[PDB]
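The listed protein sequences derive, respectively, from chains S and I.
Using the deposited numbering, read the first sequence as starting at 1 and increasing by one per residue.
Using the deposited numbering, read the second sequence as starting at 194 and increasing by one per residue.
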Amino acid sequence: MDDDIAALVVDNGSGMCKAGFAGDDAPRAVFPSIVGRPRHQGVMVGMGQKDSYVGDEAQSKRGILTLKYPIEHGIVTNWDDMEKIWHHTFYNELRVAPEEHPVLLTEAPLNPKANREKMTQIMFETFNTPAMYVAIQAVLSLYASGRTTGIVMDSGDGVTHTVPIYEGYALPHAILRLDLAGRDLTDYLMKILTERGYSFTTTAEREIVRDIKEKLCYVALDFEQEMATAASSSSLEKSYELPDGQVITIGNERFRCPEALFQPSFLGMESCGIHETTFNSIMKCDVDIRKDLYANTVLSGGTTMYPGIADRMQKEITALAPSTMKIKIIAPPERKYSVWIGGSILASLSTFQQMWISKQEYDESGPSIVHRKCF
Amino acid sequence: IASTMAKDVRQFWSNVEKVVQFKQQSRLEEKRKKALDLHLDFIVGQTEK
């Protein structure tokens, strides 16, 4: 391999796909991970009828396209749409040939072996990539945060995970999964807004509510005190202008929505909050490393972008953890891209050049080589 | 495999320290210039009296 060929990093997110070149400070492309198909034949006469659309092209045509999500809770459920998304990322977004650059892919923790083998087969047979590698999202997030040991609370758009890492070791016995992410939060926001008198039923109204969530919602340090303040004062209300010019008022729903992350009971889910989840994950590890896990608690994912979430996590983990442990929450400003940042970092290291799965290794061992090279 | 990768990425933090060395050098310069130049000017102005 020529030392001048930069490797490609592709963050496979449930809600947003991020792609770029190794060494760059930020991903060159960030688009939704969706695939749209025309609802009726003949609706696109003259607009270059395509059998399918991907990314923003399908997002802008949601009114006339049936959108599907090939990634559900961080697991690939439709491989044809995933191949379409990869072809898009390679040819339209990055505008490069995948057979000329190594491709580093990200996967959620505890990814089924069949999915890894299928990704390897797709990359080596469909795109003819010279080499590739698969890394865990939380591991890349930690490697981007500034540490090799610690616990990462990665909360994306489809699923949230607490991956305890010691010297880069995502401990499978201590990894906990929670089916609560930005999607369920957007659904709950729609629900509570319908309770307030603002009914959102269509998929475009769902995107409007998602934008409202990303713009106005925040994590309160004290839920009861914040509710009391909202009930006794309107200083916590904020106005939002709808696409049709109508201005609506968002009240306590700003912090009631993200509160589900700490109290899933609001969603009817019998699961522990993200703080309790992280505490239990740290407790499943050896006592010798719990100190470092507490001192290196990192936040990642788009769902972790709520203002004040870091302070709430600090408070909760300090109240739950022993008094002798020093709790430190790490929330980088660009934590939404920590996965891709760590991927690019790992791909830009010379010592990592020996970790790529070459086409020869794949042809000799098959897709199973991922289980021998990717951990 | 994962210990090898961890030790390989441990070099990135030595590189971050090499970067922080830039800030250390900046501070060293900003302080040494100030102190030495001020002391030189002061002692020269005191001897010329």
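C-beta: ideal position from N, C-alpha, C; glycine also.
Residue nearest to residue i in terms of C-alpha spacing, selected from the options
i, options, result
"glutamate 361/S", "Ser344/S, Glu214/S, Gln121/S, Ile136/S", "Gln121/S"
"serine 196/I", "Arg254/S, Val287/S, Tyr166/S, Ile151/S", "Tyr166/S"
"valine 134/S", "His87/S, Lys113/S, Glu195/S", "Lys113/S"
"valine 76/S", "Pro102/S, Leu65/S, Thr106/S, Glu100/S", "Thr106/S"
"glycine 301/S", "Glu99/S, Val163/S, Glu364/S", "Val163/S"
"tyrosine 53/S", "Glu83/S, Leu104/S, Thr324/S", "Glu83/S"
"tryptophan 86/S", "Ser60/S, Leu236/S, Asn128/S", "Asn128/S"
"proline 27/S", "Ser338/S, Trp356/S, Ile357/S", "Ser338/S"
"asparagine 12/S", "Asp292/S, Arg290/S, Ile250/S, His88/S", "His88/S"
"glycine 74/S", "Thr324/S, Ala58/S, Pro109/S", "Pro109/S"
"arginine 95/S", "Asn296/S, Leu8/S, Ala144/S, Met47/S", "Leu8/S"
"residue 419/S", "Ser233/S, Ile274/S, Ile5/S, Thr126/S", "The first residue shown for chain S is 1 and the last is 375, placing residue 419/S beyond what the model contains."
"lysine 238/S", "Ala230/S, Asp244/S, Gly245/S", "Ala230/S"
"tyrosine 198/S", "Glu241/S, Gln225/S, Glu226/S", "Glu241/S"
"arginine 147/S", "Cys374/S, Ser365/S, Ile329/S, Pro367/S", "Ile329/S"
Per-residue contacts from residue i into chain S (C-beta, under 7 Å)
i, result
"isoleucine 194/I", "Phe375"
For residue i: DSSP bridge partner residues
i, result
"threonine 160/S", "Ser155/S, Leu178/S"
"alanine 131/S", "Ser358/S"
"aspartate 11/S", "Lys18/S"
"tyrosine 240/S", "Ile248/S"
"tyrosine 169/S", "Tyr166/S"
"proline 98/S", "BP columns for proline 98/S are empty, so no partner."
"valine 209/I", "Paired residues: none, contrary to the question."
"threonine 66/S", "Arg37/S"
"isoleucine 71/S", "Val76/S"
"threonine 297/S", "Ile151/S, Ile329/S"
"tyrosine 53/S", "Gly36/S"
"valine 30/S", "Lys18/S"
"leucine 104/S", "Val9/S, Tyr133/S"
Distance between beta carbons of residue j and residue i, contact taken as under 8 Å
i, j, result
"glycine 343/S", "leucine 140/S", "5 Å"
"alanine 181/S", "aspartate 157/S", "5 Å"
"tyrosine 69/S", "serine 33/S", "7 Å"
"residue 418/S", "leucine 171/S", "Because chain S in this structure spans residues 1 to 375, residue 418/S falls outside the shown range and cannot be described."
"residue 377/S", "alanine 310/S", "Nothing can be reported for residue 377/S, as the shown portion of chain S is limited to 1 through 375."
"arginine 62/S", "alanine 228/S", "That pair is no contact at about 40 Å."
"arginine 116/S", "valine 298/S", "Contact flag wrong, Cβ pair sits at about 24 Å."
"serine 155/S", "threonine 249/S", "28 Å between Cβ atoms; not a contact."
"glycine 20/S", "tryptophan 340/S", "6 Å"
Own chain residues within Cβ distance below 7 Å of residue i, not counting five before or after
i, result
"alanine 321/S", "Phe279, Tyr294, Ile327"
"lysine 359/S", "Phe124, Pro130, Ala131"
"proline 38/S", "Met44, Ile64, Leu65"
Spatial neighbours of residue i in its chain, beta-carbon cut-off 6 Å, leaving aside the 5 residues before and after
i, result
"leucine 189/S", "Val209, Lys213, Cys257"
Per-residue contacts from residue i into chain S (C-beta, under 8 Å)
i, result
"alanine 199/I", "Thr148, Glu167, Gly168, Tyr169"
"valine 209/I", "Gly146"
Closer than 9 Å at the beta carbon, the chain I residues around residue i
i, result
"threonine 351/S", "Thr197, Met198, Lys200, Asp201, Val202, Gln204"
"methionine 355/S", "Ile194, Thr197, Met198, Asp201"
7 Å Cβ cut-off: residues of chain I touching residue i
i, result
"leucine 346/S", "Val202"
Residue i CB to nearest heavy atom of the ligand ADP below 7 Å
i, result
"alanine 114/S", "Absence of the ligand ADP is noted for the structure shown, with no ligands found whatsoever."
Neighbour list for residue i in chain I, Cβ cutoff strictly below 8 Å
i, result
"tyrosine 143/S", "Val202, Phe205"
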